[PDB]
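Only one chain comes next, encoded as structure tokens, the form solved without cytidine-5'-triphosphate.
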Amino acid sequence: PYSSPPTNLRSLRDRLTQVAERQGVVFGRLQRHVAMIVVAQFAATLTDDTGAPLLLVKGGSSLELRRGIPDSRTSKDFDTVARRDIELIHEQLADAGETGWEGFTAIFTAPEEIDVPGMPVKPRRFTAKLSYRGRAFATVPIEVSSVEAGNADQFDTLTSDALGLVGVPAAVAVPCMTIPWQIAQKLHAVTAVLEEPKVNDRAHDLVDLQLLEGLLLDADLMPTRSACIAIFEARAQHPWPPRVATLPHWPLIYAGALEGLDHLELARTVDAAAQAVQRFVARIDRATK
């Protein structure tokens, strides 16, 4: 490895160019992952007065942390659930970003509301603009949802070594929403019926649900049913248990979501994916108390 951290932006990029070559990854994918991890480090500094996380990672960034880059779907958003109002979360992120971490700083743009049904308080989107030793590095889109039911009562912690590969030694340890709640959210999202202008485009959730099924401990099947019930009932949209339908443009959208996952036992067509996820729904639904 390297013996000191990168002296500046150009060095950081040069080392990333070298790591991407060795790892067989596209420079952009690796740069994106490092940028996400830096934002995740800022997120992990937000704690309540007992030291518990205020912000938990979910969605694609979580799956990338659980499984590693090669065995996870490529995603651009940093999605989170927050235990506090957006103004507070944003402010604390801004404070952390100005203080910096291992040479990285960040400023955060204005949170903008996302029109989502079934949530008394809707999610917000904004962007982190990262710099390394004062020079602009990358931007990361961020989404923050409010807590629903028990989805922030507990968390898993996932670690990345990616910053270590470029000579930045500080440990990366990121609090993440647990698998039962990720399954509940993704099952709800992929089976939702969207309003006339919008069309449900979320075939990638079928990939994520199969990956989550692979990671889920058999002993957490009851907690998964409990979470699914909680989310479906809280949102009060379509009822549990859902039917995993697919839309006319999903065959190719689904295929696109399989990019880079050739070494995994996944359904290779959207129809087989829908069948697998429906089988999972049935298995969850049987896990009663």
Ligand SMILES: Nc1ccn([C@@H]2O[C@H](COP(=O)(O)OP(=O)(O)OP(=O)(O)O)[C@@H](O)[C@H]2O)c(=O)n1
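Heads up: residue numbers just count along the shown sequence, starting at 1.
Same protein, other form: the form deposited with cytidine-5'-triphosphate bound, not shown, and the subject of what follows.
A residue is said to contact a partner when one of its heavy atoms sits within 4.5 Å of a partner heavy atom; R124 fails this definition for cytidine-5'-triphosphate in the entry with it bound, lying far away.
When contacts are judged by a 4.5 Å heavy atom cut-off, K58 counts as touching cytidine-5'-triphosphate in the entry with it bound. Interface membership of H90, defined by any non-hydrogen atom within 4.5 Å of cytidine-5'-triphosphate in the entry with it bound, is ruled out.
Not displayed here, cytidine-5'-triphosphate is kept clear of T157 by more than 4.5 Å at the level of heavy atoms in the entry with it bound.
Residues placing heavy atoms within 4.5 Å of cytidine-5'-triphosphate in the entry with it bound fall in a single listed stretch, namely 67-75, out of 93-101, 67-75, 167-175, 126-134. When you look in the entry with it bound, the only residue of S146, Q210, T105, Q185 with a non-hydrogen atom within 4.5 Å of cytidine-5'-triphosphate is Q185. Though cytidine-5'-triphosphate is absent from this view, in the entry with it bound it lies within 4.5 Å of a heavy atom of just one residue from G118, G150, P111, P141, which is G118.
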